[PDB]
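Structure first, then comments.
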Protein chains: 2
Amino acid sequence: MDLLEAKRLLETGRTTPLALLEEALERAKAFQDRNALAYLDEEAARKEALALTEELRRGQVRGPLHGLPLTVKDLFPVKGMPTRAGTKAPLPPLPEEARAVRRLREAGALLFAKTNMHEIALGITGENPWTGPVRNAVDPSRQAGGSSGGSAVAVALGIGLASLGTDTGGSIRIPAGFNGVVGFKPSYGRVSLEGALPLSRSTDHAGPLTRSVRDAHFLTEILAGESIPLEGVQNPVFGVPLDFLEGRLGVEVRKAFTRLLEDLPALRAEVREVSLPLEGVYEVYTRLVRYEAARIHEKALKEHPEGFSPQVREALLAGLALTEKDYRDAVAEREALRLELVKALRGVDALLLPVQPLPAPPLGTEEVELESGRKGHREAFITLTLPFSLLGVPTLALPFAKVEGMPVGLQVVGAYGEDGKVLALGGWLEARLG
Amino acid sequence: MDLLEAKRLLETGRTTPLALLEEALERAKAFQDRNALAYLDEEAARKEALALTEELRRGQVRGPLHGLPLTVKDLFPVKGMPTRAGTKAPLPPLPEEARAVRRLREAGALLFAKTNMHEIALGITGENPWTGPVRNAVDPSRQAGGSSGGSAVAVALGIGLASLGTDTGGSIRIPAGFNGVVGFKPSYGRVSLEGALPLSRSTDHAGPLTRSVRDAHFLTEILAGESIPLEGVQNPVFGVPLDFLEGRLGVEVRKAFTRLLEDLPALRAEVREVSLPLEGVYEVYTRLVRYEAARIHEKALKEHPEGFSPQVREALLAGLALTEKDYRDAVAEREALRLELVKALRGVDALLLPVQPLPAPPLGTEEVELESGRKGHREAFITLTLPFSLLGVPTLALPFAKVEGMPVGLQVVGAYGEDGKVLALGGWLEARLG
């Protein structure tokens, strides 16, 4: 079941906050081999669940999420819970509770655990030598992906009804696709990242991982502290950046995506090719993010570099090697790319493209096979998502197909501020997809 | 007369390039004391004028601007002319001709002079101790304003039919307002700034100064190298950011603006209040721009600081005092404001607000009187324009009122990439204003 479904059961008295927690805890124990949780205090959780249950009986409701069990990516401070960000290195000062978390707590949600994540959110594999890897919800021998891997798996397996994560280069969308769940990255700044561990301040996005589009819409309003109206959808027009996708997809995802485009007309939708070159976007993003990330962890990298894994340590050092000039160039280059996206979105309701070039790869996979040849993991899996987080436009990731039994996600991209439209379009597609 | 009317006279054989030039040169001589020109070579100009005249007589049209006299702000390199940028300090290496200038030249335009500008474009007063102040076209005792001051005054006085300038925080719109001409700042990057002296690469904009909105559109298409469709206007809906304007207008401009709002309904238009807080936007803009500007002139500031005026030197030094950390924060703060502007524009065709809080003030005026009390000149006159250049959205400035017998301009703000819509709405308003 999902959030709104469980909410209705609570309102009709068919279930209780305590019961919902027990089911979540039961799933957490049965799927420990997935290693999705970074921190879990069953005792404190049960105590809180008891209070929420008794409150529901006395007629006291904290908010719209009252009694609903949720998890939080371990980069958001949560009261009574430690924050480790998947690393052994010290972290910069952070408050007791992130603003976004406060929104959930004040709404009555029951935050019962922190989810694992790729070390300091700098990576998308989900493999972590410090905490152990997070394993794919569908196949325990494949990657859960990242860096909100634990959150995605938790939601997929029923460990909590939803989860809160972050997306800088696709860290919400990628794991959502890998594990067959919904991941929404709102327009930049929509949801507050105050109090949370930063990676790339001008590119980080806070967002939900859910089992349905309606839950993503519902949760985003609470997280943003504002209503996001949903409009009706009829004869939607979808733009497809074929030039951008050329040679960036795997053979199987290519077939599934092509099939989707072929079936849309029958579903009464329209498919139009659009142009989205975005030349150099990969390195623009990489330099901008690594430069900022390295500065965030500069002190720890100097005093306690051994606290970082080899991959992260190398990435941070590479960021430190980038000069302020390199940063200024990247900043200017990002601004230059905006018009290109505006034009591509002009005339269509949203852009559609896979969120991944292949299904979740086996654990340890460093190179993958694309339709245009072998490519490095990072470049193959981050290129499809980074442009939209870099430019800050609302982007939803939802399941649209399967490859050899593994989930493959689809991206729905809208213009800046069109969060409601993207979610509306997402629900329309979700209903007509598998 | 304007560009398109002169172009009509040329096609009908009622005038020649040589005659159009002589007219421009007579005006330059007559109003020479306004000090609008930084460089003028009459002989070289006349020589080119002769060539264009003969070519036209034998049906050899170079382009849409063939034989039309135009001026260029002195930060854009022009063949056969020196580039001084209103300063005595050494400048970074620049090519012989700026890309935007090449667009004009290849169109057949007769570029006969460089216009003066606030030193290195870092300022909006138009006062320059090196070249002497550029004086307002209407009243030489008042500021021409800046930093495309000479360009606006030249256009206002008929010294050339149009001009090319830049706008980073309002450098095109402010002088246009002050002198009663049209100034258009297209979406960021639409007009190439390649080969031109930069101030803030991620915030600079190239744009035209004209006598009419139709000229602004005409020239922008040529400068951008692409056609910009002009859709009809019917029942336009204008958004007014009252909260943003609260206390930032002078009593008289407030009255003129209110009058316009009162008349729009009778003109078959709608006026809706919108919210645009943009708290701290002034500081964000200032730090971001000064940081980038200081790095451009870093070498000269160290080697020949005396080449910069005190005012400019102080701003540049403030830019060097800001660290890369301050820049990263400024970069993040800018992105945080983007959603606010997007939301204010949703549901309306454009935003309307004065381009200035008061008519051009006397030279040397450091403090002014706003409806909320005294305020420093810079903050009073840059705060109204900087948000739109900071965020890169198309913004038009056109005359709409008179105060103290001085011109007062109006800003028409559109969504990113909607230059055509802005220009169309500008034409609609122009035909219904004064």
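Every chain in the structure tokens has a letter given in the order shown (A, B, ...), and although residue numbers restart at 1 in each chain, ligands are simply numbered from 1 in the order shown.
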Sorted per-residue table, region 181-252 of chain B near region 372-385 of chain B, closest atoms and distance, 10 Å, only C-alpha atoms, as a Markdown table:
```
| residue | atom | partner | partner_atom | distance |
| --- | --- | --- | --- | --- |
| B:244 | CA | B:384 | CA | 8.7 |
| B:245 | CA | B:384 | CA | 7.9 |
| B:246 | CA | B:372 | CA | 8.5 |
| B:247 | CA | B:372 | CA | 4.8 |
| B:248 | CA | B:380 | CA | 6.9 |
| B:249 | CA | B:372 | CA | 8.1 |
| B:250 | CA | B:372 | CA | 8.2 |
| B:251 | CA | B:372 | CA | 9.1 |
```
Chain B residues within 7 Å of chain A, counting only C-alpha atoms: which ones, as a ChimeraX atom specification? /B:189,201-202,324,331-332,335-336,339,342-343,417
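Atom to atom, CA of residue 211 (chain A) and CA of residue 181 (chain A) stand 5.3 Å apart.
Minimum atom-to-atom distances from B:424, B:300, B:50, B:191 to residue 90 (chain B) were compared using only C-alpha atoms, and the lowest value belongs to B:300.
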List the spatial neighbours of region 62-65 of chain B as a ChimeraX atom specification - criterion: any atom at most 7 Å away, only C-alpha atoms, same-chain residues fewer than 6 positions off excluded. /B:106-109
Excluding residue 82 (chain B) and residues on its chain fewer than 2 positions from it, collect all residues at most 12 Å away from it, counting only C-alpha atoms, and give them as a PDB file with N, CA and C atoms, in the first residue's frame.
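The resulting part-v6.pdb:
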```pdb
ATOM      1  N   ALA B  38      32.834  58.589 -27.706  1.00  0.00           N
ATOM      2  CA  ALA B  38      34.181  58.326 -27.212  1.00  0.00           C
ATOM      3  C   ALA B  38      35.172  58.390 -28.373  1.00  0.00           C
ATOM      4  N   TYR B  39      34.699  58.064 -29.576  1.00  0.00           N
ATOM      5  CA  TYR B  39      35.552  58.080 -30.759  1.00  0.00           C
ATOM      6  C   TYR B  39      34.749  58.324 -32.041  1.00  0.00           C
ATOM      7  N   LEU B  40      35.247  59.221 -32.885  1.00  0.00           N
ATOM      8  CA  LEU B  40      34.577  59.547 -34.140  1.00  0.00           C
ATOM      9  C   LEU B  40      35.582  59.910 -35.230  1.00  0.00           C
ATOM     10  N   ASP B  41      35.589  59.146 -36.316  1.00  0.00           N
ATOM     11  CA  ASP B  41      36.483  59.442 -37.438  1.00  0.00           C
ATOM     12  C   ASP B  41      35.566  59.758 -38.612  1.00  0.00           C
ATOM     13  N   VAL B  72      28.320  52.302 -31.402  1.00  0.00           N
ATOM     14  CA  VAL B  72      28.611  51.122 -30.583  1.00  0.00           C
ATOM     15  C   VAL B  72      29.282  51.482 -29.261  1.00  0.00           C
ATOM     16  N   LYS B  73      28.746  50.966 -28.154  1.00  0.00           N
ATOM     17  CA  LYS B  73      29.306  51.219 -26.818  1.00  0.00           C
ATOM     18  C   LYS B  73      30.793  50.859 -26.846  1.00  0.00           C
ATOM     19  N   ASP B  74      31.642  51.674 -26.220  1.00  0.00           N
ATOM     20  CA  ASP B  74      33.085  51.432 -26.269  1.00  0.00           C
ATOM     21  C   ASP B  74      33.707  50.250 -25.527  1.00  0.00           C
ATOM     22  N   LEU B  75      32.996  49.128 -25.451  1.00  0.00           N
ATOM     23  CA  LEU B  75      33.552  47.923 -24.837  1.00  0.00           C
ATOM     24  C   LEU B  75      33.530  46.822 -25.891  1.00  0.00           C
ATOM     25  N   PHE B  76      32.906  47.132 -27.029  1.00  0.00           N
ATOM     26  CA  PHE B  76      32.804  46.225 -28.173  1.00  0.00           C
ATOM     27  C   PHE B  76      33.858  46.652 -29.203  1.00  0.00           C
ATOM     28  N   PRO B  77      34.806  45.768 -29.531  1.00  0.00           N
ATOM     29  CA  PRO B  77      35.809  46.170 -30.522  1.00  0.00           C
ATOM     30  C   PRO B  77      35.159  46.379 -31.894  1.00  0.00           C
ATOM     31  N   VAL B  78      35.585  47.422 -32.594  1.00  0.00           N
ATOM     32  CA  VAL B  78      35.062  47.718 -33.923  1.00  0.00           C
ATOM     33  C   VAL B  78      36.275  47.939 -34.821  1.00  0.00           C
ATOM     34  N   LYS B  79      36.254  47.355 -36.014  1.00  0.00           N
ATOM     35  CA  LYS B  79      37.372  47.503 -36.939  1.00  0.00           C
ATOM     36  C   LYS B  79      37.680  48.966 -37.226  1.00  0.00           C
ATOM     37  N   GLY B  80      38.962  49.316 -37.163  1.00  0.00           N
ATOM     38  CA  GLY B  80      39.382  50.682 -37.438  1.00  0.00           C
ATOM     39  C   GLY B  80      39.175  51.662 -36.297  1.00  0.00           C
ATOM     40  N   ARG B  84      38.516  51.663 -25.545  1.00  0.00           N
ATOM     41  CA  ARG B  84      39.049  52.181 -24.282  1.00  0.00           C
ATOM     42  C   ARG B  84      38.223  51.849 -23.042  1.00  0.00           C
ATOM     43  N   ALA B  85      36.966  51.467 -23.247  1.00  0.00           N
ATOM     44  CA  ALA B  85      36.080  51.088 -22.141  1.00  0.00           C
ATOM     45  C   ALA B  85      35.942  52.153 -21.053  1.00  0.00           C
ATOM     46  N   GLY B  86      36.078  53.414 -21.454  1.00  0.00           N
ATOM     47  CA  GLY B  86      35.946  54.520 -20.526  1.00  0.00           C
ATOM     48  C   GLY B  86      36.940  54.528 -19.381  1.00  0.00           C
ATOM     49  N   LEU B  91      43.582  47.042 -20.578  1.00  0.00           N
ATOM     50  CA  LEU B  91      42.482  46.090 -20.684  1.00  0.00           C
ATOM     51  C   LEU B  91      42.977  44.706 -21.094  1.00  0.00           C
ATOM     52  N   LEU B  94      41.718  41.612 -26.409  1.00  0.00           N
ATOM     53  CA  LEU B  94      40.453  41.532 -27.124  1.00  0.00           C
ATOM     54  C   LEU B  94      40.707  41.433 -28.617  1.00  0.00           C
ATOM     55  N   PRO B  95      39.778  40.815 -29.356  1.00  0.00           N
ATOM     56  CA  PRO B  95      39.945  40.685 -30.803  1.00  0.00           C
ATOM     57  C   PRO B  95      39.692  42.027 -31.491  1.00  0.00           C
ATOM     58  N   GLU B  96      39.945  42.078 -32.795  1.00  0.00           N
ATOM     59  CA  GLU B  96      39.762  43.306 -33.567  1.00  0.00           C
ATOM     60  C   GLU B  96      38.295  43.725 -33.680  1.00  0.00           C
ATOM     61  N   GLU B  97      37.397  42.746 -33.642  1.00  0.00           N
ATOM     62  CA  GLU B  97      35.975  43.020 -33.762  1.00  0.00           C
ATOM     63  C   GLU B  97      35.142  42.050 -32.936  1.00  0.00           C
ATOM     64  N   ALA B 113      30.883  55.403 -35.009  1.00  0.00           N
ATOM     65  CA  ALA B 113      31.463  55.918 -33.779  1.00  0.00           C
ATOM     66  C   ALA B 113      31.289  55.030 -32.565  1.00  0.00           C
ATOM     67  N   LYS B 114      32.180  55.217 -31.596  1.00  0.00           N
ATOM     68  CA  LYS B 114      32.128  54.471 -30.347  1.00  0.00           C
ATOM     69  C   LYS B 114      31.512  55.453 -29.362  1.00  0.00           C
ATOM     70  N   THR B 115      30.628  54.980 -28.490  1.00  0.00           N
ATOM     71  CA  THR B 115      29.997  55.881 -27.533  1.00  0.00           C
ATOM     72  C   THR B 115      30.574  55.872 -26.122  1.00  0.00           C
TER      73      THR B 115
END
```
